[PDB]
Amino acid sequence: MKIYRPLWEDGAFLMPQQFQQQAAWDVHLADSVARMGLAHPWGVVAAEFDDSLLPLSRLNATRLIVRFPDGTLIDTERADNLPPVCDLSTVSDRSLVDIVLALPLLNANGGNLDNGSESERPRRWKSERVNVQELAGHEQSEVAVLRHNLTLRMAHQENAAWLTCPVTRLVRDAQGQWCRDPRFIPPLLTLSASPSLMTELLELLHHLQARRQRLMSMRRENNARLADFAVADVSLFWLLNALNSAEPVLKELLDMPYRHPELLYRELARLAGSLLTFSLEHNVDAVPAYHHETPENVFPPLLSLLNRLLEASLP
């Protein structure tokens, strides 16, 4: 909605709206900067869980760092409390369940504080009195701290009253016991948020390295220091050019995997495109399009296409 930047005046009685509006503007400003370089500046930084109570059909989060599409960053390690335990008793008939972190919508018409009064909708804010340290001196004072009213909900539930972000998926094992699905990938703000994607990404890089080292040994020497390239090496050069150009770029993205997946996608798609020139078994529509909400429909099929393209590249 509207953001009313406050004007600070000499005789003025200080109002909560002045501080609320200033804080809202700063959130919008930081979000507008993020949008200059990225199409989707929201998603999971960290989504860690305790699996110990899964045989008792209970799921607890240990660490949640998630940015919502409205620019609100939630951080249980720094500013927020962990959401209450997720009870899986209602999904005893299911084999699969998608867990979402839910943040109630901010109501521009007020009533955002969950004060225990009745409401037709969930309230975004909770107030907790915390003895907060005064940083210049040595005193502490009890201050009303803003706590986001976060809950772990399920994707099949009615969630329009909340901003939601996929945070895990649970699947039943051979015994029917709930366990976190390793194939799950949430919308990403960092690559590190998904350890399985990281394992798959490291596998691709290793496969690329092995393939390019094998292809680099296959060039005929023009002289002692220069490579010989003829009409017969049309496939050999462009393959080597594609692998040699991409490998140091992909290596630096993977060595510090704390950036947005749009950066990685761009380079992975560029490499896939370059390799498709020598394949007859694919369309060029083969490169999966980038969809932020479901990275499972972009990175696993793109890594699958790349691994197949690396193997078949020898001709």
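Numbers follow the displayed sequence, beginning with 1.
Once the C-alpha B-factors are averaged per stretch, 233-241 and 152-160 rank with 233-241 first. In this crystal structure, the stretch out of 51-59 and 255-263 whose C-alpha atoms carry the higher mean B factor is 51-59. Ranking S217, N81, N109, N131 by Cα temperature factor from the entry places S217 first. Ranked within its chain, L105 lands in the lowest third, by CA B factor from the PDB record. Annotation for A39: C-alpha temperature factor in the lowest third relative to the rest of the modelled chain, per the entry. Ranked against the other modelled residues of its chain, the C-alpha B-factor of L271 as given in the entry falls in the middle third. The deposited CA B-factor of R211 belongs to the highest third of values across its chain. Sorting the modelled residues of the chain by their CA temperature factor places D31 in the lowest third.
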